[PDB]
Undergrad: 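Sharing a structure below in structure tokens format, with a few things to ask.
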Protein chains: 2
Amino acid sequence: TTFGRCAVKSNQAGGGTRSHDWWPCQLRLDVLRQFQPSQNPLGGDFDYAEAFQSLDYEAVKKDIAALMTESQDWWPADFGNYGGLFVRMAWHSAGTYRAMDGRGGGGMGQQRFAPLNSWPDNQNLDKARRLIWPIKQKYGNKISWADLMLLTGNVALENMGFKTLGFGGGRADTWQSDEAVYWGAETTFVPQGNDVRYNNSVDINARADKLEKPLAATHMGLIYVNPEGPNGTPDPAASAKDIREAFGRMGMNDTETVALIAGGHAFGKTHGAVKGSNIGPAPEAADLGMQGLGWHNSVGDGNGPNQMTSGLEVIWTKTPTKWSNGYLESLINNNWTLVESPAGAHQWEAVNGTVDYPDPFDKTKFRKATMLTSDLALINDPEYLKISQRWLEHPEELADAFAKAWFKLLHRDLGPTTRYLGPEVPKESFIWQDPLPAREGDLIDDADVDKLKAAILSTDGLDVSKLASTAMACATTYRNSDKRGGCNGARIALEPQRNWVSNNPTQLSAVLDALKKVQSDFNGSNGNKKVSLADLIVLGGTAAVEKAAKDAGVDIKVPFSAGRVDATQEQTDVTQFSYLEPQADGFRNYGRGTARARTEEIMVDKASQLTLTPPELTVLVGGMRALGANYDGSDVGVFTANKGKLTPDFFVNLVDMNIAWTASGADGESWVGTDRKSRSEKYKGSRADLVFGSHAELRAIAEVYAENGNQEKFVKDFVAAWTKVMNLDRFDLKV
Amino acid sequence: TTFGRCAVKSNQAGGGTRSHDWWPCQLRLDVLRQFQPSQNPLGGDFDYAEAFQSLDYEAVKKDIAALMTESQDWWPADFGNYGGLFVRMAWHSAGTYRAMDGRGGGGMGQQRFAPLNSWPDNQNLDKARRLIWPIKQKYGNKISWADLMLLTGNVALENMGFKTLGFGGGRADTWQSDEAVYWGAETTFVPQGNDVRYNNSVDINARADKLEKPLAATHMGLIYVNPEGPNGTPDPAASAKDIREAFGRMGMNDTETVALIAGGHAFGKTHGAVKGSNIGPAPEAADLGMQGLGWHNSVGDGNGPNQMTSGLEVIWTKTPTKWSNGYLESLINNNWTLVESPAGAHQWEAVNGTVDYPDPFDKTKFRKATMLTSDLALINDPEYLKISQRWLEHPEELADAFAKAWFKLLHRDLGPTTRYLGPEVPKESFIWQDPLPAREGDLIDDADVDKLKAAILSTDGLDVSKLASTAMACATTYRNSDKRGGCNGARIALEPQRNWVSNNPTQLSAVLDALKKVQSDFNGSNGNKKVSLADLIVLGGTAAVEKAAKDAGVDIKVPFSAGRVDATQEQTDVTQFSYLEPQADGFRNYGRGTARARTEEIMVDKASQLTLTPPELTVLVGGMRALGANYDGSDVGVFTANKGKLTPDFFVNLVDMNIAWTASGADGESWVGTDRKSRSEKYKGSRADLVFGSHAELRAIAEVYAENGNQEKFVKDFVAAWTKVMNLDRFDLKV
Ligand code: HEM
Ligand code: HEM
């Protein structure tokens, strides 16, 4: 029966018809209520960085390597070596990343939760995770599951003869499914799962470059592309176009793409020994006896020669437990014919080739060379073919590219270098790490901070509104999924941010010139002290908030943490930063949504990426309005006669029943507030403004700040949230 | 159009297919992640009791009374008085309560959130809540919405000539929709919304007492019953049967039921002036312009003479703003004919009666007497008729019953009287308050506690397992939804708890005799220090936990909070306490699930009622197993060779891959753990045990406790959780 409904209707533990069932279009605050400290079994104060740095890292790697060849009878090792399986585990963990929204990736260890634990493409990776569990058990909280799944892959490569660039730990574990990711709207998995992302187009060559943004896989439940070919059609040329699209959506270019696929498929094999009808439910659907595993295979013991994962039965090289150039040799030198695997799937077998590909359980049995459609892709696109042919001839260039791309794969969502832990962090800085320079000079102190705040506030062209607006515009580029963005680097002053329409470029230029004047007056006049433009942008907003609170009758300390540095344009890639450009910004009343993402939904999504709770989101919006900090200085949402004073007037006026709110535009984005007694139009509001008086949970918070006498609490809460947001990217600061 | 699916599929803020869509039968931990401190805009520190006790209570009441007759143009008051509307608001807030499971009621102020804010039976209570908001805005955090909604009703009665018994404040606000309540499984509201709860029966008399347990309303979206009769059939006798059933499920008897209905319907009127097609979406479905209101009526201004709420147009009495006996006088003395309201609903009108029922907006217009089918029910049932006839002749008896029943309605989920705040708490002790006496003698001090711990741990018939088991058995009766149960009162020693099968009465009796011996030896030999059995039960389990920790190699001070009292059997009504009897208790490995709720779902439900987080639930279960604290003393789940020592052995052995787990019972409730090397059956487990190694988020926590070196953390976490559970009902310590 029906999608998303259990046949048995529970009457316990949340069972029954729910609010989101009745009103499924209503804004949900779920994404702001994930990952809370109380839900974390290690405690909200657990410091993973401190724990990992005490880890006996060399012993961990030695233990992983030993485990690679300790075959467990419940899931025997192919060729006596789990290396391939472990590499696949790590690649699948990291491989969900989408560059555009920065979600997916290995950094939260989400493979161990729903839905990723049960995606078809992750079949039998439950066995891989269970095999490495003893390492986690031994070393405890000093290595996270997130770090372990990836380190295991890295160690596996090295112990199969491929030296990597190194590794960085530092991924703190998470403790619930991340239900904030848009993986797609399809209600089916691969082999279906993609009508929506191709908008019902089935012309596989024509549609390949039309995959729905921000998605990076060609079906729901896949990592990147379909190994049988697009929609299971065994056409390598069309497969290549899907690969370029999907890898492009994960942030990889042609060279990196070939290197990753040719590199990975040096190792191990696929599994398609028996038909899929022999395979039981995925882990989330499996019975208690499976104890977190799934896909139980009822043929023989369900494992060893009977392994069934993808349905394909391909062994790429003659030495699947050792690095080689066998993949490209076979790919290019064989002639290929289309055959079926034992499970009935499309794959390719060498015509008149050698019968010397080894069987994983019988030293006396051999097979012909085989390839996936998605491997043949690499010789059925002009650019992939050029690259493949070059690396056939010069396998050392493949090894170099693969080491670099593999490091990128594993660390693309780890954030800045200051987050990377351990004794073998690669020394080279790569553009995808959004590199920052080491700091200039002696750090400014409290007395320097006080002098600079006063200098900033007395500078021509700087006022409270512009300072707060500018600081927030910088800060809200942060996203916690891939730990990119934020104020460190002062990238608002660089391309593309300085030209973002949402930053009001002409205004921003004047503000930045003013702050650069403050900088020039200070630097070289305070001994060895120097201040960055990044610190000044943040300090400016912070001084503005402090002054705005004082102007509202509240003397409060507004914390400031110095030490940001300024990035160079060379350290600031235009494409990578283009992904951080907002289409709507509720903190500064910029832009609007579209049919599939309303303005207020975009705001809540951004709030989740800033780790804000509903009260934090609410207080920040209300304070930005009081400060008059809209991107263009408009009065939209500015429901106060004391703009620039930090009061809860936004909320008080929003909930005043003498104001009637009506739509002005056709699109529902603009609203007018009319005084019911006088009949005069008093206010203009956006959806980002009015949602706080509509949504019942947000309105409950709006009410708190609208209560008589809450001027002081509002200020304290605002300053706390402001501080949190300004410091999100401060990984350089510990404890 | 599909139920529970939005026509437009958002791609932000949680948009996209979710884990619960793919695997809707999987256990969800959502109910353990509600009401988190981080989500409370008042802060986790906030002490509502302190705030309320500083409230100018008499001033709030004076302002409410004044509001009643200050008609607002946007929602004009009937007869110039909002009293009736406010009484309905309070009644509906309190009126969702179910005695069996203790959910619903006014104690969380949930009417202001989904789904209650948008149930059809709460139509236009959005206006009522908006009308009282200025009181909340004036007094701020010193009165909660939860308290204010009910106090407003109470004040309304008193200002319309009906003196109540008084009032108790103390309901702290909540900050999200409580999605833990089972309101039913239907996918429609009233006029439908009841196929499931009557298992498709439309035999209205025969089905009336077969309403699905634990439901207490005859359709989804109703408070109790359908005012037009069962499934809109205007049959008063069949309506009576629904009313007895629904009110009985809300914990009200016949006298109480007639008192509440005839009491309530002394006041105000219903609204059915225009057809339902003129009425817009409910609040959760309304556009932003409605700013949290809904049911916009497009006829005229939508209000005053055009008010449309239920579709009925009944004015029960000739003085709807003043207490009278006119309801019963009309009901009994008139001859009733079935007619249609202007909106097309069935109601009753008096045939050749007086034409003196006043119009709510025109002092010069009068109408005939009218009644609902649900009112005529009260003279179309033999027991109700006798009560109605008596109170027609003896109106003082109705007044007395109504005062008492109204007090019970409003306070039934407030908990022990130690929670009740304000200057007019009624002095009478009522059985539904689960009353407790004053203490005997002087409070034991730490010297006494040390002596008592030593005695308890060297007394015939007591040991670690039994002591821990007994304390938890007493503790888990607590439920946060109506603040009932817990260890205070030692009600495990009284009927009905002492003979609950889940308490293993023969073992319990031996444990209690032994504790009573300890009590006898202490009492009357330590001057005037006296210790209660309640304290000894908790102290015994606490001492046992502490010793078990010590035996495991961890020295920890397990805190104990003295001062519980022992309830009397007179204050412990067998029926009142039958409602707390558990179907299953995973903490002590008792019981089995039902067709509609698996054992593990019942456990998570109970955990929610104990306010436990997932880590707290997990640690408690593993510790109870290590302690050998099963209700029957069995080894099911006792995955340890060191029973009685507080180790994480439960987790270490649960996750040992050398153990294979298989179903033993046809009912799905029993499991066997076989050593795969030896082939020996090693363990036996229940669903409550094995879920911790199956569910991905619970198993993630199980793994923490199974990690090498976490023996101390396990004990520390257990002791914190133990302390939390033991003290849940200690409202006397907050007082
Ligand atoms: C277009 C991209 C890719 C596709 C469609 C693809 C497809 C597949 C499939 C279908 C399997 C077999 C799963 C099974 O039946 O057991 C597999 C195995 C594997 N892939 Fe990929 N792959 C891709 C890219 C990569 C990348 C980037 C890496 C690593 C850098 C990688 C490394 C592996 C390894 C090591 C295995 C072997 C697992 C084992 O021995 O158990 N692949 N791949
Ligand atoms: C069988 C139980 C009950 C049923 C079916 C019922 C039904 C109704 C309905 C249909 C309305 C009209 C809503 C509208 O159109 O505005 C109403 C109004 C009202 N009921 Fe009840 N009722 C019940 C019990 C109670 C109880 C227990 C109380 C209070 C103790 C109460 C007090 C009120 C009041 C004060 C109003 C008037 C609201 C106003 O003047 O705006 N009722 N009832």
Side-chain angles (χ1 to χ4, degrees), chain A residues 39-43 46 112 129-130 132-145 148 173 175 288-293, chain B residues 27 29 468 545 548-549 551-554 586-589 600 603-604 607 612-630 635-661 671 673 675 682-722:
Chain A
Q39 304 290 310
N40 183 331
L42 306 184
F46 174 68
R112 75 203 185 103
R129 293 188 300 282
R130 189 64 46 96
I132 62 159
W133 153 244
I135 303 300
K136 186 84 176 75
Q137 187 171 31
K138 178 163 173 181
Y139 291 97
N141 68 197
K142 298 187 194 292
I143 193 166
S144 64
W145 267 111
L148 181 63
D173 273 329
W175 296 99
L288 292 180
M290 289 294 292
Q291 288 290 287
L293 302 182
Chain B
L27 177 72
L29 302 184
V545 169
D551 289 349
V554 176
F587 300 98
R588 292 176 295 123
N589 236 350
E600 59 270 28
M603 181 173 52
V604 168
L612 300 177
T613 65
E616 291 171 340
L617 163 63
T618 305
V619 79
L620 282 172
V621 170
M624 291 292 284
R625 296 302 188 271
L627 291 171
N630 287 352
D635 290 316
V636 176
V638 181
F639 309 151
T640 182
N642 306 308
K643 188 210 277 150
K645 297 193 210 305
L646 189 62
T647 73
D649 279 352
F650 170 83
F651 304 106
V652 174
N653 290 315
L654 186 55
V655 306
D656 178 353
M657 275 300 284
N658 187 53
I659 308 300
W661 297 92
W671 302 78
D675 182 311
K682 187 172 189 192
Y683 298 124
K684 293 199 284 256
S686 71
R687 297 191 72 80
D689 302 322
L690 267 60
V691 67
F692 292 98
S694 173
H695 194 269
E697 301 167 350
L698 296 179
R699 181 183 177 93
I701 301 161
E703 286 169 346
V704 168
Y705 296 128
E707 288 173 0
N708 283 188
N710 255 357
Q711 300 98 311
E712 186 160 40
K713 168 177 179 43
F714 169 74
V715 164
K716 287 187 160 175
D717 286 354
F718 183 89
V719 166
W722 178 267

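Naming: A, B, ... by sequence-line order, numbering from 1 per chain.
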Undergrad: Please confirm whether A:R112 makes a cation-pi placement over A:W175, using NZ or CZ under 6.0 Å from the six-membered ring centre and within 45° of the ring normal.
TA: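 Ring-cation test returns yes.
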
Undergrad: Determine the minimum heavy-atom distance between B:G628 and B:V638, stating which atoms define it.
TA: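 In terms of heavy atoms, the two residues are closest at CA-CG2, 4.4 Å.
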
Undergrad: Using the side-chain contact (heavy atoms from CB on, under 4.5 Å) rule, take B:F714 and B:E707 through it: C-alpha gap first, then chi angles, then the decisive distance, then the call.
TA: CA-CA 10 Å; B:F714 169 74; B:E707 288 173 0; over 6 Å; no

Undergrad: Can you check whether A:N141 reaches B:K713 side chain to side chain, under 4.5 Å on heavy atoms?
TA: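 Of all side-chain heavy-atom pairs linking B:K713 with A:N141, none is under 4.5 Å.
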
Undergrad: Rounded to the nearest 0.5 Å, what separates atom CG in B:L612 from atom CE in B:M603?
TA: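 Output value for this atom pair is 11.0 Å.
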
Undergrad: Take B:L698 and B:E600 through the side-chain contact (heavy atoms from CB on, under 4.5 Å) test and state the conclusion after the steps.
TA: CA-CA 11 Å; B:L698 296 179; B:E600 59 270 28; over 6 Å; no

Undergrad: Once you round to the nearest 0.5 Å, how far does OG of A:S144 lie from CG of A:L42?
TA: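 These two atoms lie 10.0 Å from each other.
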
Undergrad: Just how far is it from atom NZ of A:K136 to atom NZ of A:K142, taken to the nearest 0.5 Å?
TA: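 Nearest 0.5 Å value for the NZ-NZ distance: 11.0 Å.
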
Undergrad: Regarding B:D717 and B:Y705, is there a side-chain donor-to-acceptor distance under 3.5 Å anywhere?
TA: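 Yes, B:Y705 and B:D717 have a side-chain donor paired with an acceptor closer than 3.5 Å.
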
Undergrad: To check you understand the geometry: which heavy-atom pair defines the closest contact between B:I659 and B:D675, and what is its length?
TA: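 The pair with the smallest heavy-atom distance is CD1-CA, 4.0 Å.
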
Undergrad: With side chains defined as the heavy atoms from C-beta onward, is the minimum distance between A:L288 and B:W671 less than 4.5 Å?
TA: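 With C-beta onward as the side chain, the pair touches.
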
Undergrad: Tell me, with the steps shown, if B:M657 and A:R130 meet side-chain contact (heavy atoms from CB on, under 4.5 Å).
TA: CA-CA 8 Å; B:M657 275 300 284; A:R130 189 64 46 96; 3.7 Å; yes

Undergrad: Does the side chain of B:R625 reach to within under 4.5 Å of the side chain of B:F651, using non-hydrogen atoms?
TA: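 B:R625 does not reach B:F651 side chain to side chain.
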
Undergrad: What residues form a salt bridge (charged side-chain N to carboxylate O under 4.0 Å, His left out) with B:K645, not counting sequence neighbours?
TA: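 Partners of B:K645 under the salt bridge (charged side-chain N to carboxylate O under 4.0 Å, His left out) test: none.
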
Undergrad: For residues B:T647 and B:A626, report the shortest heavy-atom separation together with the two atoms involved.
TA: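 So the minimum-distance heavy-atom pair works out to O-CB, 3.4 Å.
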
Undergrad: Nearest 0.5 Å please: distance from the OH atom of A:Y139 over to the CG atom of B:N708.
TA: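 Rounded to the nearest 0.5 Å, the OH-CG separation comes to 10.0 Å.
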
Undergrad: Nearest 0.5 angstrom please: A:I143 CD1 to A:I135 CD1, how far?
TA: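 Reported to 0.5 Å precision, the distance equals 9.0 Å.
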
Undergrad: Within the structure provided, determine whether B:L646 and B:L627 are in side-chain contact (heavy-atom separation under 4.5 Å).
TA: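 SC-SC contact between B:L646 and B:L627 confirmed.
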
Undergrad: Among residues at least two apart in sequence or on other chains, which ones pass side-chain contact (heavy atoms from CB on, under 4.5 Å) with B:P615?
TA: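 So B:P615 forms a side-chain contact (heavy atoms from CB on, under 4.5 Å) with A:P41, B:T613, B:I701.
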
Undergrad: Quick one: closest heavy-atom pair of A:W145 and A:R129, and the distance?
TA: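 Taking A:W145 first and A:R129 second, the nearest heavy atoms are CH2-O, 3.4 Å.
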
Undergrad: Check the pair A:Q39 / B:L29 against side-chain contact (heavy atoms from CB on, under 4.5 Å), numbers first and verdict last.
TA: CA-CA 10 Å; A:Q39 304 290 310; B:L29 302 184; over 6 Å; no

Undergrad: For the backbone of B:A706 and the side chain of A:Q137, can you confirm whether one donor and one acceptor N or O come within less than 3.5 Å of each other?
TA: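 Checking the backbone N and O of B:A706 against the side chain of A:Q137, a donor-acceptor pair under 3.5 Å is found.
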
Undergrad: If you compare all heavy atoms of B:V715 against all heavy atoms of B:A549, which two are closest, and at what distance to 0.1 Å?
TA: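 For B:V715 versus B:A549, the nearest heavy atoms are CG1-CB, 3.8 Å.
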
Undergrad: Quick check: closest heavy atoms across B:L27 and B:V691, and the distance to 0.1 Å?
TA: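 Nearest heavy atoms, B:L27 then B:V691: CD2-CG2, 3.8 Å.
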
Undergrad: I need the B:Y683 OH to B:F639 CZ distance, nearest 0.5 Å.
TA: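 Answer rounded to 0.5 Å: 7.5 Å.
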
Undergrad: Do any N or O atoms from the side chain of B:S694 and from the backbone of B:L690 form a donor-acceptor pair under 3.5 angstrom?
TA: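 Answer holds: no.
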
Undergrad: Given side chains that start at C-beta, do those of B:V545 and B:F718 come closer than 4.5 Å, heavy atoms only?
TA: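 B:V545 reaches B:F718 side chain to side chain.
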
Undergrad: Can you tell if the side chain of B:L617 reaches within under 4.5 Å of the side chain of B:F692, non-hydrogen atoms only?
TA: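 Yes, side chains in contact.
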
Undergrad: Ignoring hydrogens and angles, tell me if any N or O in the side chain of B:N589 forms a donor-acceptor pair with the backbone of B:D689 under 3.5 Å.
TA: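 Side chain of B:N589 to backbone of B:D689: no pair is present.
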
Undergrad: Just by distance, do the side chain of B:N710 and the backbone of A:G140 share a donor-acceptor pair under 3.5 Å?
TA: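 Answer holds: no.
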
